[PDB]
Ligand SMILES: CCCCCC(=O)OC[C@H](O)COP(=O)(O)O
Ligand SMILES: CCCCCC(=O)OC[C@H](O)COP(=O)(O)O
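Residue numbers (the authors' numbering), protein chains in the order written: chain B, -6 to 111; chain A, -6 to 111.
Structure below.
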């Protein structure tokens, strides 16, 4: 069962990810966590961010394929605020991320651990 | 124009990737390069490997979603041999990777630089 935990407790490795926005659009992708470094992406955008802990966790989203819609329909680069706390297991976690400066724009994410780093 | 170069010359960062196997199947995904570390993945599989240089570059492929076909139809984990040399620019590169132990099983990959690491 999931339990409130610091997102920074996440095991290092590669994660599978599924999300849905407030626009009711879905997307899937990959997420990698090293130290505090978080990098990932899908067929249309990529994202990087550093697990804060003393600051708000900002996840920089960069659209690299405009021929494909954005789960948020922003049509440009933007920032997502990553919660300090998350509901998780040793291999699972979910979180609600909203666009920085507009909590009406968000995505609910489910992350599944796939394997550790080499 | 592309020119033969050591795959280890690749700039660090996140790359967009497109590939086609000998089975004539296509796939797209993301690839990250740090030091010699290479991690990436798509909607059905993920991959890790360390840029060799003194050894054969082995790229460990792990299927994490069997509900989706594999560009190679292997139906399990396997290894790809990454060439020491690659045709590339500062933001582009292509390579031919075959399954370790069977050069008849391969994928031709095109990688496009998206952005550097934070
Ligand atoms: C560390 C937790 C992962 C944060 C979630 C995340 O980065 O999701 C990607 C986001 O949905 C990308 O949306 P877009 O492709 O519509 O721009
Ligand atoms: C460093 C250069 C990238 C190597 C190419 C690569 O890892 O491709 C992924 C491969 O096509 C995955 O195939 P699969 O999803 O059918 O198992």
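Just so you know, even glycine gets a beta-carbon here, dropped at the ideal spot from N, CA and C.
Using C-beta distances below 8 Å, list every residue in its chain close to residue 107(B), excluding the 5 sequence neighbours before and after it, in chain order.
6, 7, 8 and 9
Please say whether residue 79(A) and residue 86(A) have beta carbons closer to each other than 7 Å?
yes
Where the region 18 to 29 of chain B meets chain A: residues whose CB sits under 7 Å from a CB there
21, 23 and 25
Relative to the C-alpha of residue -1(B), which candidate in 70(B), 17(B), 29(B) and 23(B) has its C-alpha closest?
29(B)
Per the contact definition of three or more C-beta pairs closer than 8 Å, is the region 60 to 69 of chain A in contact with the region 50 to 61 of chain B?
no
Got a sec: does ligand 2 put a non-hydrogen atom nearer than 6 Å to the Cβ of residue 98(A)?
no
When you get a sec, list the residues whose CB is within less than 7 Å of any heavy atom of ligand 1, chain order please.
0(B), 10(B), 12(B), 14(B), 20(B), 22(B), 24(B), 31(B), 33(B), 35(B), 37(B), 38(B), 40(B), 42(B), 52(B), 54(B), 56(B), 63(B), 64(B), 65(B), 67(B), 73(B), 75(B), 88(B), 90(B), 100(B), 102(B) and 104(B)
Identify whether residue 0(B) lies in helix, strand or coil by the three-state DSSP scheme.
helix
Quick one: is residue 32(A) near chain B, going by C-beta distance under 7 Å?
yes
Quick one: what's residue 6(B) bridged to in DSSP?
26(B)
Let's test the definition: count the other Cβ atoms within 10 Å of the Cβ of residue 97(B) and tell me whether it reaches 16, buried, or not, exposed.
exposed
Using the three-state DSSP reduction, which class does residue 108(B) fall into: helix, strand or coil?
strand
Have a look at the DSSP bridge pairing and note the partners of residue 85(B).
105(B)
Is it buried or exposed, residue 90(B), if we count other Cβ atoms within 10 angstroms and call 16 or more buried?
buried
Bridge partners - residue 73(B), DSSP secondary structure assignment:
52(B) and 92(B)
Give a yes or no on whether the minimum CB-CB distance between residue 111(B) and chain A is below 7 Å.
yes
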